[PDB]
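Enquirer: Chains as they are written, first to last, in the entry's author numbering: chain d, 208 to 257; chain a, 283 to 376; chain V, 357 to 497; chain Z, 131 to 260.
Every residue, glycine too, gets a C-beta built ideally from N, C-alpha and C.
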Amino acid sequence: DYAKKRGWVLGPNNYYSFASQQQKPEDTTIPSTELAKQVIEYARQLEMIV
Amino acid sequence: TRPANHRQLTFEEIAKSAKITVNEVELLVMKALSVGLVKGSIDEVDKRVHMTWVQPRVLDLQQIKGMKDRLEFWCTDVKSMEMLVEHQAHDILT
Amino acid sequence: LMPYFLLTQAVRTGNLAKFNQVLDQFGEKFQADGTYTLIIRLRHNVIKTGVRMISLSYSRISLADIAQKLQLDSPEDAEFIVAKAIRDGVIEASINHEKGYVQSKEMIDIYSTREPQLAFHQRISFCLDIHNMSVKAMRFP
Amino acid sequence: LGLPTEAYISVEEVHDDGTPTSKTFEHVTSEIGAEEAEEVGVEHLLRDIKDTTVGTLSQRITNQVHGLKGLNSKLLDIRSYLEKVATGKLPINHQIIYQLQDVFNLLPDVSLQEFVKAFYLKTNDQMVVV
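#1: Just to confirm, is the Cβ distance from residue 374/a to residue 191/Z under 8 Å?
#2: Could you tell me which uninterrupted beta strand (DSSP E) segments, each at least 3 residues in length, are contained entirely in the stretch 428-490 of chain V, listed from first to last along the chain?
#3: Any idea what DSSP makes of residue 223/d, helix, strand or coil?
#4: Taking the alpha helix (DSSP H) that residue 140/Z falls in, what are its first and last residues?
#5: So with CB distances below 8 Å, who are the chain A contacts of residue 321/a?
#6: In chain order, what residues of the same chain lie with their CB nearer than 6 Å to the CB of residue 155/Z, ignoring the 5 residues before and after it?
#7: Kindly indicate which three-state DSSP category residue 308/a falls into: helix, strand or coil?
#8: How would you write the range of the beta strand (DSSP E) that residue 291/a sits in, first residue to last?
#9: Here's a check: name, in chain order, each residue in its chain whose Cβ is nearer than 7 Å to the Cβ of residue 418/V, leaving out the five neighbours to either side.
#10: Who are the neighbours of residue 373/a on chain d, taking C-beta pairs under 8 Å?
#11: Can you check which of these residues, 491/V, 460/V, 387/V, is closest to residue 408/V by C-alpha distance?
#12: Should residue 327/a go down as buried or exposed, given a rule of 16 or more other Cβ atoms within 10 Å for buried?
#13: Are there 16 or more other CB atoms within 10 angstroms of the CB of residue 411/V, so buried, or fewer, so exposed?
#14: Grab the span of the beta strand (DSSP E) containing residue 186/Z for me, first residue to last.
#15: Terminal residues of the continuous alpha helix (DSSP H) containing residue 239/d?
#16: Return yes when at least one heavy atom of the ligand NAP lies under 7 Å from the C-beta of residue 238/d, else no.
#17: Compile a chain-ordered list of the residues in the stretch 223-237 of chain d whose CB is closer than 9 Å to at least one CB of chain Z.
#18: Pair every Cβ in the stretch 209-227 of chain Z with every Cβ in the stretch 442-452 of chain V, then say whether three or more of these pairs are closer than 8 Å.
#19: What residue range does the alpha helix (DSSP H) around residue 330/a cover?
#20: Just checking: is the beta-carbon of residue 159/Z within a distance shorter than 8 Å of some beta-carbon in chain a?
#21: Kindly list the residues whose CB is nearer than 8 Å to the CB of residue 237/Z, restricted to its own chain and excluding five residues on each side of it in sequence; keep chain order.
#22: Give the residues of chain a in contact with residue 216/Z, contact being defined as C-beta atoms less than 9 Å apart.
#23: Less than 8 Å between CB atoms is the rule here; does residue 370/a satisfy it with respect to chain d?
#24: Which of the three DSSP states, helix, strand or coil, is assigned to residue 303/a?
#25: Which of the three DSSP states is assigned to residue 153/Z in this structure?
#26: Pull up the distance between the alpha-carbon of residue 256/d and that of residue 471/V, whole angstroms please.
#27: Counting only beta-carbon separations shorter than 8 Å, does residue 476/V have a partner in chain Z?
#28: Are at least three pairs of beta-carbons, each pair with one atom in the stretch 359-374 of chain a and one in the stretch 364-374 of chain V, less than 8 Å apart?
#29: Assign residue 325/a to one of three DSSP states: helix, strand, or coil.
#30: Assuming residue 399/V and residue 436/V are in contact, meaning their beta carbons sit under 8 Å apart, how far apart are those beta carbons, in whole angstroms?
#31: Give the DSSP bridge partners of residue 227/Z, in chain order.
#32: In terms of DSSP beta bridges, what is residue 416/V paired with?
#33: Can you pull out the residues from the stretch 246-259 of chain Z whose beta carbon lies closer than 7 Å to at least one beta carbon of chain V?
#34: Within the 8 Å Cβ cut-off, does residue 310/a reach chain Z?
#35: If you count every other CB in all the chains shown that lies within 10 Å of the CB of residue 242/Z, and 16 or more means buried, which is it?
#36: Take residue 135/Z and list the residues in its own chain whose beta-carbon comes closer than 8 Å to its own, dropping the five residues that flank it on each side.
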């Protein structure tokens, strides 16, 4: 029953199936589109008060 | 041939393609560097050559049609950024 | 001091009998305060603190040892309780389900990659908000 | 987009491995100058319309936009040549152009896990600003 949907093998003693390993994959160095937003916003509230 | 991302050549591919024994590949590469055809640098202990380059080669019309699209992406990208900044900050720059 | 100090003192130590003694003594006061959750859960969640201490000190330990360190008398239920603790998020360790091996997470990677500036953004929001609030309500007449 | 003037000088060339030598121009870099008692008249004429000498985020920010305009202009102008040569409307200037545009596509950079470790500079700007 578990074998039909869950991973591993049904009593094998050497389970083979899909893995539940998780990797962050945060290599990307480009939050540039939003971080630029933030900076422009700071410039926005340094001005427009008169 | 290789797509810039993988510009590191293992010794074994060189030896296989030039039909020479492994112990000699170093000297081959060194000769090239000294004449000035290519200008990478080598690490013998991982046994990889890391190549950056300066020499062009002759190119036919099919490659030209090809690289036109690679160039074409760049202009859409630039225009997207200038539009983002104009909209986000017309308040200040006016 | 009279009830709560005797409690936390019993809790850090492993004396269950003294815990029962204090409970018997001051249950009336505890119910009078309307905070009688302690017997409900505190009595049966003591082992969490022991697991936390183990997390803070050691970094690679054989689970066959925690049993003698936390008087569980068996390794398997120790595996169960540690697994439950990690799922609950009290500790982020990992287990080698092969040879009684419990290992801590990776070392703290670095304290200056994208986690810092996330805080300075909040502090700017605060500071600029305060300055605007201050300047607005100045000199009504 | 930019400057009003161009300057050119005439020189012959080796031209190739072997095709006839000829005479054509080459570009030389150009700049606009000033001198005492010519700038004073200019500054007087331009008094009505003026801009901030340095600017405080109202002049630096505009500059970046202007720069992006210019860059995109050049990149679009490359098409009008390279596309029509791909149509075969005009002959290939194999000798020069393609070698330079191989160099170009070689020279960009990449975000390669080592460069992003120079993340540790953004945060040190912020803990002096914010």
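Expert: Reading off the structure:
#1: yes
#2: 450-452, 457-459
#3: coil
#4: Careful: residue 140/Z lies outside any alpha helix (DSSP H), inside the beta strand (DSSP E) at 137-142.
#5: Among the protein chains of the structure shown, namely d, a, V and Z, there is no chain A.
#6: 138, 140
#7: helix
#8: 290-292
#9: 456, 457
#10: 251, 255
#11: 460/V
#12: exposed
#13: buried
#14: Unbroken run through residue 186/Z: none, as it is neither H nor E.
#15: 239-253
#16: Ligands are entirely absent from the displayed structure, and the ligand NAP is therefore not among its contents.
#17: 234, 235, 236, 237
#18: no
#19: Taken as a continuous stretch (DSSP letters only), residue 330/a belongs to no alpha helix (DSSP H), being part of the beta strand (DSSP E) at 330-332.
#20: no
#21: none
#22: 343, 346, 347, 350
#23: yes
#24: coil
#25: strand
#26: 31 Å
#27: yes
#28: no
#29: strand
#30: Incorrect: roughly 19 Å between the Cβ atoms, too far for contact.
#31: None, per the DSSP bridge assignment.
#32: 459/V
#33: 249, 250, 252, 253, 256, 257
#34: no
#35: exposed
#36: 160, 162
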